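Start counting the sequence shown at 7; every next residue gets the next number (the numbering used here). Ideal Cβ placement from N, Cα and C applies to all residues, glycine included.
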Amino acid sequence: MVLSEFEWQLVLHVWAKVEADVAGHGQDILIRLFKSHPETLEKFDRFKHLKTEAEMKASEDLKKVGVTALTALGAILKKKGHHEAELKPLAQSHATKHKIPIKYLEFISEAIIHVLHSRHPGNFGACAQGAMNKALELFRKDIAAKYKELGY
Ligand code: HEM
Numbered sequence: 007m008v009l010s011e012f013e014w015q016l017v018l019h020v021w022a023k024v025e026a027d028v029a030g031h032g033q034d035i036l037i038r039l040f041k042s043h044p045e046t047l048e049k050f051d052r053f054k055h056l057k058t059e060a061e062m063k064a065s066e067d068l069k070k071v072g073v074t075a076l077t078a079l080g081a082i083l084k085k086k087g088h089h090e091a092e093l094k095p096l097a098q099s100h101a102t103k104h105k106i107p108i109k110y111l112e113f114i115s116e117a118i119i120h121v122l123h124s125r126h127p128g129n130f131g132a133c134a135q136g137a138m139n140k141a142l143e144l145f146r147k148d149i150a151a152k153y154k155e156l157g158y
């Protein structure tokens with residue numbers, strides 16, 4: 007699949023808004039992921055003992071991990087699909103080191119959309135949501151291709 011230039015424009019304008027508060031978006035995304043899908047927290051050896059939303063909000067480690075993920079995602083999105091070099095190492099680490107199934111990447115994609123809608127009323131309508139859904143789908147499909155090459 008491919009996104010149109012117009013779809014990329016929508017994605018990257020949204021992402022530039024995310025960049026005004028990367029840490030806050032990252033915290034909200036991971037907390038939404040862990041509350042909606044608690045099994046995902048087990049994959050985080052650095053902070054899998056966290057239990058409550060208040061503990062998660064007080065964790066500097068959770069915040070830093072969220073910032074790193076959003077930073078990498080932003081760098082990849084800015085390649086507008088031409089992201090082979092940037093995405094390959096990430097796909098490899100998630101297959102082999104972190105052991106993240108595709109279903110968990112679907113869960114985090116849902117969390118991203120949810121948080122974008124929650125944090126950006128009036129600036130995240132149907133056009134932007136559809137474009138971001140497609141960009142995240144492309145990201146997941148390209149990761150899945152690398153997973154298949156590894157037999158994961
Ligand atoms: C938008 C999707 C995601 C992006 C862009 C992303 C990006 C990253 C990056 C850049 C790193 C550090 C470098 C590396 O190890 O490759 C990382 C680490 C990690 N990721 Fe992801 N990730 C994503 C989704 C996920 C999901 C859904 C999970 C688990 C359910 C996960 C689990 C981990 C873990 C456990 C680490 C190590 C964290 C730590 O150091 O404590 N990632 N991720």
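Assess contact between the segment 60-71 and the segment 34-48, defined as three or more Cβ pairs (one per stretch) separated by less than 8 Å. Is contact present?
yes
Residue environment, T58, which counts as buried when at least 16 other CB atoms sit within 10 Å:
exposed
Do you know offhand how far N129's Cα is from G32's?
18 Å
Pairing CB atoms from the segment 8-25 with CB atoms from the segment 78-93, are three or more of them under 8 Å?
yes
Taking only three categories from DSSP, how would you classify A29?
helix
Within 10 angstroms of its Cβ, does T74 collect 16 or more other Cβ (buried), or is it exposed?
exposed
Where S42 falls: helix, strand or coil (DSSP):
helix
At a cut-off of 8 Å, would you count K103 as near the ligand HEM, judging by its Cβ distance to the nearest heavy atom?
yes
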